[PDB]
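Student:
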Ligand code: CLA
Ligand code: CLA
Ligand code: CLA
Ligand code: CLA
Ligand code: CLA
Ligand code: SF4
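Residue numbers (the working numbering), protein chains in the order written: chain V, 9 to 39; chain E, 30 to 183; chain X, 696 to 792; chain P, 484 to 525; chain B, 4 to 96; chain L, 587 to 666; chain A, 23 to 165; chain D, 340 to 414; chain U, 338 to 403.
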């Protein structure tokens, strides 16, 4: 219920994971 | 006075500094033989320190809140001894040096192997040339007027 | 001063007049016995020759082996003929090996 | 002798002798007129 | 290729370029068939690239979200909060 | 692939050709000088961009110029 | 017009003990080079990748992973020894491609069968300003 | 095979000729300097005896006497 | 009738990509040949950055000076 308790892990842990996985996937293979 | 400073001879902090300085040296003189080499050397520098403070007082220097003799370079004629007459002396000496060097460079520029006379100085030519620096100001003025100081063609 | 210079050459062997202060190749052009050249600055094998007698000043030399100076080879473009030396022309490749 | 005179005028030796003379001159000058922050004669 | 001294042949470039596999077994499944039939039946739904990736990301995300939004005070001092009165600054406070 | 150009100030000394590590340059007939020779660059797809050829050019300014450009694995000198 | 020599496999290669400077995956998937020379006698020569090898009396064929390494070995063979060499480029296809000396004579020797590639008939000081080739795909030097 | 003292008499005559000449050992240096880079090279290769020549005998003679000079400095 | 400045002359350089640009040099030889784009050969008293003191020039790049 404490809003930081949710948004600081998601933005600090989940979001970089998703974004970096996606950006690696996009940058590192041929179209 | 100028910039709120006060004549060191009449300042109190300037004196306090002098007495404090002189005080510590006197302590160094103690714990040794009264007329020993080290003690004699300490005495000498004590007298030297007293002479320096009196010389500063006599020359009419300006002292601030720390008692340190500040130097005025605005051009006030009460203070030309601080910057402007030493400045004229410096400009004279530096023009001497530069003019002698330039004279030498020009004189050796006409040989086939001019670099030989640069890594190995022709000292006879140099000693013939050194004393033209004495009149370097007149020579340089007349060279500028002649138009031969600055190379044309460049 | 102006010592006579002898040059063996496929055209033959001729004699020309040139002052010790000048390169053999430069005055050769003034007379007119044609020799090879390219850079004219002492850094290539084009104007190479070797000597039969005497020796030329090695002061005007560069881009040469620490031996080409004393094993015989020389560059006509960058060389002062200190004596009545006899030199070879068209000598690049037996220098090029 | 001639060659010794030459070598004694090579750049490093010429400059060390010049600067040693200059250092001696300045040292003596400040040994006679010490602690000088200005030109007090005129 | 490998005829005493030669090691180069256009017909077999892979042997020439050392395209070997120095440690592969080329042996049959050491696992008993019964055991194989138990695993590949239960671990099957996790072998689709996009499916596995999406499920992994979102499941782990909500895992972390739940486990941190509902952590107790004895796990993280950041949620236990302060337990003492605060001091004053050099002049403020 | 780097781009190597030869300019007409070339004296055809051929020192640069004898300098290149990858056999990019060549000597070809010409008529604009006393050697009847000039440098060509028919194989710049192998040029590593080392520019040894420029340090061997005795002309002023240079007659052989290497403009580094898009990189290949040949251009980057990579053995892996 | 100088039919290039065709690569002859079964040609022996120098006596080497092996090295960690040899071929790699790039030779497996993209390309590698092969150099050949003929060796008046059996001698010791420094390998362009590692230590020293022994060239055999008779045909020598060495496979290197870099063209630059091949040319280095060729220069060393050609002037320290007096040996004539040729090298080729091999693709994972099984294609070979004669590389050097391209037209039978070394490139330092002018040959009357070569065309000019990348020659500009002007001095290097007469290239246009970049502003002149702005917004067109050309480079001021490529002109 | 056997070991003995083996010497050479007066290989180089002491003289002030080469002091007057800066970089006598290097042929290029000996001639003289065109730029400021020549002065730096003169110092950078002063004690690289194995490049002033190729004779091992000369290199080792130079090394021996340089060691003597160093010992004198230490003393 | 020969071409370009005479041998031994004093010519100013006008090729702005040259090291001695706007400087002066001494002519050494101008080939009478046509078909050469840079006949003049000029020697200078100062090396360039490549330690080279002679260079070829075209007739328009040199300009005889006093
Ligand atoms: C650029 C402005 C900005 C900045 C620098 C921050 C910074 C911060 N916020 Mg925050 N936030 C903002 C705007 C901003 N916020 C806005 C406009 C809102 C809606 C009113 C919120 C609502 C919010 C909440 C509810 C919380 C934070 C929290 C936090 C702190 C923890 C980090 C975090 O979880 O990220 C922020 C978490 C969010 C949910 C922010 C989402 C809203 C913004 C607009 C997202 C923008 C993303 C965008 C696509 C990328 C922009 C490009 C650029 C920033 C790189 C952190 C110091 C947490 C906290 O309090 O820490 C103790 C917390 O729980 N913020
Ligand atoms: C930037 C956001 C962020 C967040 C929210 C966290 C959060 C956390 N870190 Mg941490 N860390 C971060 C960044 C972050 N870290 C960075 C950038 C670094 C590099 C320096 C580190 C280096 C680091 C170290 C070295 C350690 C931590 C540890 C911890 C945990 C200590 C608290 C605890 O004990 O609770 C509870 C303790 C737990 C073990 C709960 C486990 C966490 C959940 C249950 C895992 C499940 C996640 C889910 C399955 C999917 C994974 C992620 C997915 C969303 C992609 C905590 C949950 C400590 C730790 O606990 O080790 C893991 C610890 O050793 N972190
Ligand atoms: C940055 C601003 C500024 C500047 C540029 C100056 C400049 C000057 N001030 Mg001033 N001042 C300033 C700010 C400034 N002041 C401010 C803000 C204050 C208030 C605190 C003052 C208060 C002040 C006072 C009270 C006085 C000055 C004075 C002077 C002059 C003293 C020097 C002189 O007399 O000429 C030059 C002196 C010479 C002896 C000339 C010799 C120099 C030679 C010719 C040059 C040497 C060159 C070389 C050796 C030989 C030539 C070689 C060549 C031919 C190639 C000078 C022109 C004094 C004055 O009035 O002047 C009389 C003075 O009384 N100022
Ligand atoms: C003990 C005190 C001291 C010391 C150690 C130095 C030391 C130095 N000063 Mg300096 N200076 C001082 C006091 C001092 N100065 C004072 C009191 C003044 C006020 C007049 C100056 C004003 C001054 C100037 C204007 C310059 C120096 C410069 C220099 C440096 C080079 C000097 C030189 O090149 O020699 C020999 C001289 C030459 C090789 C070339 C000739 C240049 C000099 C200045 C003669 C100029 C003659 C010309 C007619 C006058 C021009 C007027 C000027 C306003 C442009 C040097 C490290 C120079 C510098 O900083 O270099 C960037 C510089 O130009 N000083
Ligand atoms: C003939 C000697 C001589 C002369 C007349 C000048 C004159 C000048 N120099 Mg220069 N300079 C010199 C030597 C000289 N320099 C040497 C040896 C160096 C190498 C360190 C430099 C490096 C130098 C720089 C980096 C700069 C100048 C600059 C300048 C100009 C401004 C004044 C200045 O700031 O100087 C500064 C003076 C120094 C930095 C050191 C001076 C070195 C000594 C004092 C002079 C040497 C005298 C010579 C050895 C004596 C031989 C005499 C003979 C009888 C043996 C001025 C025209 C400046 C300029 O460009 O103006 C716009 C500038 O930026 N000089
Ligand atoms: S950059 Fe290197 S490989 Fe390319 S032409 Fe110049 S020297 Fe040859």
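For every residue, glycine included, the Cβ atom is placed at its ideal position computed from N, Cα and C.
Report the start-end ranges of each beta strand (DSSP E) in the stretch 137-176 of chain E that is 3 residues or longer and not cut off at the edges.
Tutor: Here no run is fully enclosed.
Student: Taking 9 Å as the threshold (C-beta atoms), are residue 50 of chain A and residue 53 of chain B in contact?
Tutor: Cβ distance not < 9 Å, so residue 53 of chain B and residue 50 of chain A don't count as in contact.
Student: Beta-carbon separation of residue 120 of chain A and residue 27 of chain A under 9 Å?
Tutor: Contact flag set, yes.
Student: If you run the structure through DSSP and keep just helix, strand and coil, what is residue 115 of chain A?
Tutor: Residue 115 of chain A falls in the coil class under three-state DSSP.
Student: Examine ligand 4 and report whether any of its heavy atoms sits within less than 8 Å of the Cβ of residue 126 of chain E.
Tutor: The answer is yes for residue 126 of chain E.
Student: Do you know offhand how far residue 77 of chain B's Cα is from residue 83 of chain B's?
Tutor: When rounded, the distance between both Cα atoms is 7 Å.
Student: Contact between the stretch 136-152 of chain A and the stretch 55-62 of chain A is defined here as three or more beta-carbon pairs at a separation below 8 Å; is this criterion met?
Tutor: These segments do not touch.
Student: Output needed in chain order: residues of the stretch 755-770 of chain X with a Cβ under 7 Å from some Cβ in chain L.
Tutor: Listed by position, the residues of the stretch 755-770 of chain X near chain L (Cβ gap below 7 Å) amount to none.
Student: Around the Cβ of residue 73 of chain E, are there at least 16 other Cβ atoms within 10 angstroms (buried) or fewer (exposed)?
Tutor: Residue 73 of chain E is exposed by the Cβ-count criterion.
Student: Checking contacts by CB at 9 Å: is residue 29 of chain A closer than that to chain L?
Tutor: For residue 29 of chain A, the answer is no, since every Cβ of chain L falls outside 9 Å of its Cβ.
Student: Which residues in chain X have a C-beta closer than 8 Å to the C-beta of residue 390 of chain U? List them in chain order.
Tutor: Those within 8 Å of residue 390 of chain U in chain X are 736.
Student: What residues in the stretch 720-731 of chain X bring their beta carbon closer than 8 Å to a beta carbon of chain U?
Tutor: Those would be 721, 724, in chain order.
Student: Can you list, in chain order, the residues of its chain with a C-beta nearer than 8 Å to that of residue 70 of chain A? Leave out the 5 residues immediately preceding and following it.
Tutor: Excluding positions up to five away in sequence, the list reads 86, 91, 92, 94, 95, 98.
Student: Taking Cβ positions, are residue 515 of chain P and residue 114 of chain E nearer each other than 9 Å?
Tutor: No, the pair does not count as a contact, with Cβ atoms beyond the cut-off.
Student: So, at 7 Å on beta carbons, what are the nonlocal neighbours of residue 47 of chain E in its own chain, with the 5 sequence-adjacent residues on each side left out?
Tutor: Closer than 7 Å at the Cβ level, and outside the excluded window around residue 47 of chain E, lie 82.
Student: For residue 77 of chain A, which residues does DSSP report across the bridge?
Tutor: A:65, per the DSSP bridge assignment.
Student: Using only CA atoms, which one of E:134, E:77, E:62 lies nearest to residue 518 of chain P?
Tutor: Comparing Cα positions, the closest option is E:77.
Student: Which residues mark the beginning and the end of the alpha helix (DSSP H) in which residue 169 of chain A is found?
Tutor: No information on residue 169 of chain A is available, as it lies outside the stretch 23 to 165 that chain A covers here.
Student: Per DSSP, what kind of secondary structure is residue 122 of chain A in: helix, strand or coil?
Tutor: Looking at residue 122 of chain A - three-state DSSP - the assignment turns out to be strand.
Student: Any idea what DSSP makes of residue 43 of chain E, helix, strand or coil?
Tutor: Helix at residue 43 of chain E.
Student: With burial defined as no fewer than 16 other Cβ atoms inside 10 Å of the residue's Cβ, what is the status of residue 140 of chain E: buried or exposed?
Tutor: Burial call: exposed.
Student: Quick one: what's residue 84 of chain E bridged to in DSSP?
Tutor: Residue 84 of chain E pairs with nothing; no bridge assigned.
Student: Whose C-beta lies closer than 7 Å to the C-beta of residue 90 of chain E among residues of the same chain, with five residues either side of it excluded?
Tutor: Only 37, 98 meet the Cβ criterion.
Student: So, does the CB of residue 709 of chain X fall closer than 9 Å to a CB anywhere in chain D?
Tutor: No - not a single Cβ of chain D is within 9 Å of the one on residue 709 of chain X.
Student: Looking only at its chain, what residues have a beta carbon closer than 7 Å to the beta carbon of residue 79 of chain A, apart from the 5 residues adjacent to it on each side?
Tutor: Correct list, in chain order: 61, 63, 64.
Student: Considering residue 625 of chain L, what are the terminal residues of the beta strand (DSSP E) in which it resides?
Tutor: Residues 623-626.
Student: Under 9 Å between C-beta atoms, does residue 374 of chain D make it to chain X?
Tutor: Cβ-Cβ to chain X under 9 Å: no for residue 374 of chain D.
Student: Cutting at 8 Å between CB atoms, please list the residues of its own chain near residue 132 of chain A, excluding the five before and the five after it.
Tutor: Excluding residues within five positions, none has a Cβ falling inside 8 Å.
Student: Quick check on this structure: which residue in V:18, V:29, V:20, V:17 has the alpha carbon closest to the alpha carbon of residue 57 of chain B?
Tutor: Considering only alpha carbons, the answer is V:29.
Student: Using a Cβ distance threshold of 8 Å, determine whether the stretch 589-608 of chain L contacts the stretch 636-644 of chain L, with at least three qualifying pairs required.
Tutor: Yes, they touch.
Student: For chain D, is any of its Cβ atoms less than 9 Å away from the one on residue 499 of chain P?
Tutor: By this cut-off, residue 499 of chain P is not an interface position.
Student: Since residue 341 of chain U contacts residue 365 of chain U with CB under 8 Å, what's their CB separation in whole angstroms?
Tutor: Their Cβ separation, rounded to whole angstroms, is 11 Å, which puts residue 341 of chain U and residue 365 of chain U out of contact at 8 Å.
Student: Going by DSSP, what residue range makes up the alpha helix (DSSP H) through residue 393 of chain U?
Tutor: Here residue 393 of chain U belongs to no alpha helix (DSSP H); instead the beta strand (DSSP E) covers 391-394.
Student: For residue 108 of chain E, which residues from the same chain have a beta carbon less than 6 Å from its beta carbon, with the 5 sequence-adjacent residues on both sides left out?
Tutor: Within the same chain, residue 108 of chain E has close Cβ partners 101.
Student: Do the stretch 113-129 of chain E and the stretch 165-172 of chain E touch if we need at least three Cβ pairs shorter than 8 Å?
Tutor: Contact holds: three or more Cβ-Cβ distances are below 8 Å.
Student: Do residue 3 of chain B and residue 84 of chain A have their CB atoms nearer than 9 Å?
Tutor: Summary: the structure shown does not reach residue 3 of chain B, with chain B confined to residues 4 through 96, and so no result is reported for it.
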